[PDB]
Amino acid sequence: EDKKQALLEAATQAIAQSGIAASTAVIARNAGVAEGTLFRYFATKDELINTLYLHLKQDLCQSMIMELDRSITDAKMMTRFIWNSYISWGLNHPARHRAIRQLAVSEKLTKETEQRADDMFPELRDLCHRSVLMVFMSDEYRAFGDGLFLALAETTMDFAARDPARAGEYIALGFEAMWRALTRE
């Protein structure tokens, strides 16, 4: 029923379809509400980008909480579980993936948003006792590394969706491509 969730869902769809340029008028209309109502929730496109990114990240991380087992010590096994979690989430919720990938490479996420993103799920930190995933790049390239992860993830989802009889095969082959590209031992 509640208007914030309706606006966040409408913003998810609109950005998934149109990118960050998506219109607040269209988003407000697709929700129940007047555009003025939308502005009381997010006064700027910049704040909507930041709010929606944290919303989508929270949703993903909660799905990962449901799926992840902590008897796992092996970094590669833990990374595979994370990858499987992300692919499932984007196959279940294609617009949430499409939206988050455009928000992630928008140049509009604030340092406050990054810290709230890094903080929100302590349970998902570390899960490596020191880390393997994308720690080899300079800080300037962390967004680029995230973009490559998302590109490999999106291609894996596309083939698994089109050819579901081999979905697990695409997910495993995509994981090993991601692992080689974005880790070092």
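Sequential numbering from 1, following the sequence displayed. Take the two forms, superpose them, and find the largest set of C-alpha atoms that agree within 1.5 Å; that set is the rigid core.
Greater average departure of CA atoms from the shown form, over structures and residues in 4 other deposited structures of this protein after a core fit, characterises 109-117 among 109-117 and 88-96. Between stretches 27-35 and 48-56, greater average Cα displacement in 4 other deposited structures of this protein relative to the shown form, fitted by the core, falls on 27-35.
On average the C-alpha atoms of 72-80 have higher B-factors than those of the other stretch, with 89-97 and 72-80 being the two compared. Per-stretch averaging of Cα B factors for 163-171 and 5-13 places 5-13 on top.
Ranking 152, 128, 61, 43 by the C-alpha B-factor listed in the PDB entry places 128 at the top. Within the listed group 27, 48, 148, 33, the record reports its top CA B-factor for 33. In the PDB entry, a CA B factor belonging to the highest third of its chain's modelled residues is recorded for residue 37.
Annotation for residue 140: CA B-factor lies in the middle third of the chain's modelled residues.
Residue 158 sits in the lowest third of its chain by CA B factor, as recorded in the PDB entry.
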